[PDB]
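J.:
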Amino acid sequence: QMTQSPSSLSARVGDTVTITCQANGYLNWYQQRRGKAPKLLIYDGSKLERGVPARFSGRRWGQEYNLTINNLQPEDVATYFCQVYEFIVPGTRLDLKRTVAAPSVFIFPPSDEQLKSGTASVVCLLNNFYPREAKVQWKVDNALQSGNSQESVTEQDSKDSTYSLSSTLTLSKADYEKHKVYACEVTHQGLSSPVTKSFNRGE
Amino acid sequence: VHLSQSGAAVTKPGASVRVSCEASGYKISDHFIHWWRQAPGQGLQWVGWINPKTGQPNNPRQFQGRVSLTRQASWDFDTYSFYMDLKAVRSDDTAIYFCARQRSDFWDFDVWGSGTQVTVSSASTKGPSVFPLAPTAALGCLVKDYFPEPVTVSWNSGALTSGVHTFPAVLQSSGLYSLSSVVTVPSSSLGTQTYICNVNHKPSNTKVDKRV
Ligand SMILES: *[C@@H]1O[C@H](CO)[C@@H](O)[C@H](O)[C@H]1NC(C)=O
């Protein structure tokens, strides 16, 4: 009964990472790039697939299958998973490690051009942070909104190894005008203290 | 040894959709073709296999349900088209569908199709509507209420690329998509520079060009 560990890995270029499944049978490991089709890395436990760098390898011992990547490279950033017949584990995200970086935080009041449509959209931007786990909080007049939010995050950036996140608080024309202070409050590893960027009518 | 899949498909709930997989480059008769599907931010799920020689799919009628796998042999045998028909579609079916080749008897999948998005939505075509995100500081564009995906965003007709983040589109209870595109620039240069995101939505020959 097959599991994989862990769910997320960050590693430095040149380092070695190991990913484990618990399973039984003829097992294969695949690499899958965020937006793409899988690629076979190892078949049948430990056989390296033709055309794949020997810095990939696989070890079976009982019900334990390790996939190991040695000398990790920038192109190794992907999700990895094991598969036995019809069963494919959900897999492990691998990202490149870099120095911790707190989000550049910003807020964006609704555009008046848009209020003309009856729907208002407040936006929050967390820019270039690492690692990628983060928490946005939408506050207005200290009210805590608990439905009515979207969130979107970029892939790790191929240059500065950061992530960015956008969160859209969409609320109707009326209930918007009725309140004053709109703050965005985000909590991230690299931030000593949850910090807020907050607007209201003074422009 | 190669597999090319059809293009993205959109369809109203309750309808039928067909995904195609063109195979070429080997003894095609000798390998099962499997279909897999991947829901957004999720792992792969097996959908089925089909035998190219006989056209036999893994479930016999009494078990097939809402999915039917078919083949048609390009008689030279250098080519084969494989179909995945999905009837009575629903939101659940929204996902990327991959065809893939079973190499050995033991389900190592060495070739994959590029994948085909199948989006099942209540709605139909609509160009987006673009609102500005006004202010080292940040500025942007909210590209709101379009359908279907995708849209392309550039700034200053491609002349500005650095500091640009175009986010993945999210979906609303509206049933339509919203994405935002942003740039960061030094607190100066504002009054100096004309910031203009050019947005395109092919499906609807929409092509706005807004300024901040
Ligand atoms: C998998 O790696 C873990 C940690 O590196 C190690 O304890 C174990 O020996 C490895 N398992 C196998 C089957 O080689």
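Residue numbers (the numbering used here), protein chains in the order written: chain A, 1 to 203; chain B, 1001 to 1212.
We put the CB at the ideal spot given by N, CA and C, even for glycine.
Looking only at its own chain, which residues have a Cβ that is under 7 Å from the Cβ of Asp1078(B), when we skip the five neighbours before and after it?
T.: Excluding sequence neighbours, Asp1078(B) sits near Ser1024.
J.: Suppose contacts are defined by Cβ-Cβ distances below 8 Å. Is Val122(A) in contact with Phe108(A) by that definition?
T.: The answer is yes: Cβ separation under 8 Å.
J.: Does the beta-carbon distance from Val84(A) to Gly14(A) come in below 8 Å?
T.: Cβ atoms of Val84(A) and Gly14(A): not closer than 8 Å.
J.: Please confirm if the segment 41 to 50 of chain A is in contact with the segment 88 to 107 of chain A, defined as three or more CB-CB distances below 8 Å between the two stretches.
T.: Taking 8 Å as the limit for Cβ pairs, the verdict is that the segment 88 to 107 of chain A does not touch the segment 41 to 50 of chain A.
J.: Going by Cα to Cα distance, which pick from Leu41(A), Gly58(A), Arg59(A), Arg60(A) is closest to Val52(A)?
T.: The residue with the shortest Cα to Cα distance from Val52(A) is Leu41(A).
J.: Among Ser1162(B), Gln1172(B), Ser1029(B), which has the Cα closest to the Cα of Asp157(A)?
T.: It is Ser1162(B) whose Cα lies nearest to the Cα of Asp157(A).
J.: In the DSSP assignment, find the alpha helix (DSSP H) that holds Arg1037(B) and state where it starts and stops.
T.: From DSSP, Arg1037(B) is part of no alpha helix (DSSP H) but of the beta strand (DSSP E) over 1033 to 1038.
J.: In terms of alpha-carbon separation, which member of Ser1129(B), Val1017(B), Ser1154(B), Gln1062(B) lies closest to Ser111(A)?
T.: Selected option, being the one with the closest Cα: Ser1129(B).
J.: Buried or exposed: where does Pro131(A) fall if 16 or more other Cβ atoms within 10 Å of its Cβ makes it buried?
T.: Answer is buried; the Cβ neighbour count reaches 16.
J.: Checking the sheet assignment: what are the DSSP bridge partners for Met1084(B)?
T.: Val1019(B), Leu1069(B).
J.: Under 8 Å between the Cβ atoms of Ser1181(B) and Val1208(B)?
T.: No. Outside cutoff.
J.: Looking only at C-alpha atoms, which of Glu177(A), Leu115(A), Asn142(A), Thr154(A) sits nearest to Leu126(A)?
T.: Of the candidates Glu177(A), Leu115(A), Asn142(A), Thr154(A), the one whose C-alpha sits nearest the C-alpha of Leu126(A) is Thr154(A).
J.: What residues of chain A sit near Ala1138(B), judged by a beta carbon separation below 9 Å?
T.: Per Cβ cutoff of 9 Å: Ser104, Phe106, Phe108, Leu125, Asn127.
J.: Do residue 204(A) and ligand 1 come close, with the Cβ less than 7 Å from some heavy atom?
T.: Here chain A comprises residues numbered 1 to 203, so residue 204(A) is not present and cannot be evaluated.
J.: Could you tell me which chain B residues have their CB closer than 7 Å to the CB of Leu9(A), listed as they occur along the chain?
T.: What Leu9(A) touches in chain B: nothing, since even the nearest Cβ is about 16 Å away.
J.: Give me the Cα-Cα distance between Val89(A) and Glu203(A), rounded to the nearest whole angstrom.
T.: Cα to Cα, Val89(A) sits roughly 51 Å from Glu203(A).
J.: Using a C-beta to C-beta distance shorter than 7 Å, which residues of chain A count as neighbours of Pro1128(B)?
T.: Simply none; closest approach about 12 Å.
J.: Where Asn70(A) and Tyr1080(B) are concerned, what is the direct C-alpha to C-alpha distance, given to the nearest angstrom?
T.: Cα-Cα distance, rounded: 39 Å.
J.: Counting only Cβ pairs nearer than 7 Å, list the residues of chain A close to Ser1114(B).
T.: Within 7 Å Cβ-Cβ: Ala37.
J.: CB-CB under 6 Å to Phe1131(B), same chain, minus the five flanking residues each way: which ones, in chain order?
T.: Contacts found: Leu1142.
J.: Determine the burial state of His1002(B): buried for a count of at least 16 other Cβ atoms within 10 Å of its Cβ, exposed for fewer.
T.: The residue in question, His1002(B), is exposed, as its Cβ has fewer than 16 Cβ neighbours within 10 Å.
J.: If you pair each beta-carbon of the segment 1048 to 1064 of chain B with each one of the segment 1021 to 1040 of chain B, do three or more pairs fall below 8 Å?
T.: Touching, yes.
J.: So which residues on chain A does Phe1131(B) lean against when the C-beta distance must stay under 7 Å?
T.: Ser111, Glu113, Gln114, listed in chain order.
J.: Is the closest heavy atom of ligand 1 to the C-beta of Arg93(A) under 7 Å?
T.: For ligand 1, not one heavy atom lies less than 7 Å from the Cβ of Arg93(A).
J.: With distance defined between alpha-carbon atoms, name the residue in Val186(A), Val140(A), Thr20(A) nearest to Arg60(A).
T.: Of the listed residues, the one whose Cα sits closest to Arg60(A) is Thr20(A).
J.: Classify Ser1122(B) as helix, strand or coil using the three-state DSSP reduction.
T.: Reduced to three states, the DSSP call for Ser1122(B) is coil.
J.: Comparing alpha-carbon positions, which option in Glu133(A), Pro194(A), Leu171(A), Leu165(A) lies nearest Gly147(A)?
T.: Taking only the C-alpha atoms, the option nearest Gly147(A) is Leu171(A).
J.: Check this for me: beta carbons of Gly1014(B) and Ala1088(B), under 8 Å apart or not?
T.: Closer than 8 Å, so yes.
J.: Who are the near neighbours of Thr79(A) in its chain, counting only those whose CB is closer than 6 Å to its CB and skipping five residues on each side?
T.: Excluding sequence neighbours, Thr79(A) sits near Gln32, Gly91, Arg93.
J.: Return yes when the Cβ of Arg98(A) is within less than 8 Å of the Cβ of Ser161(A), no when it is not.
T.: Yes, these two residues count as a Cβ contact at 8 Å.
J.: So, helix, strand or coil for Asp1093(B), using DSSP?
T.: The answer is helix: DSSP assigns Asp1093(B) an H, G or I state.
J.: In the segment 1 to 49 of chain A, which residue ranges form an unbroken beta strand (DSSP E) of at least 3 residues, counting only runs that do not cross its ends?
T.: Taking only runs of at least 3 residues, the beta strand (DSSP E) segments lying wholly in the segment 1 to 49 of chain A are 3 to 5, 8 to 11, 17 to 22, 27 to 32, 39 to 43.
J.: Hey, is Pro1057(B)'s beta-carbon within less than 8 Å of any beta-carbon in chain A?
T.: No, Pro1057(B) does not count as interfacial toward chain A.
J.: Would you give the residue range spanned by the alpha helix (DSSP H) that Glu1149(B) belongs to?
T.: First-last for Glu1149(B): undefined, no H or E at that position.
J.: With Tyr176(A) as the anchor, note down where its alpha helix (DSSP H) starts and where it stops.
T.: 173 to 177 is the extent of the alpha helix (DSSP H) around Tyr176(A).
J.: In whole angstroms, what is the alpha-carbon distance linking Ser149(A) and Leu1176(B)?
T.: Each residue's alpha carbon lies about 15 Å from the other.
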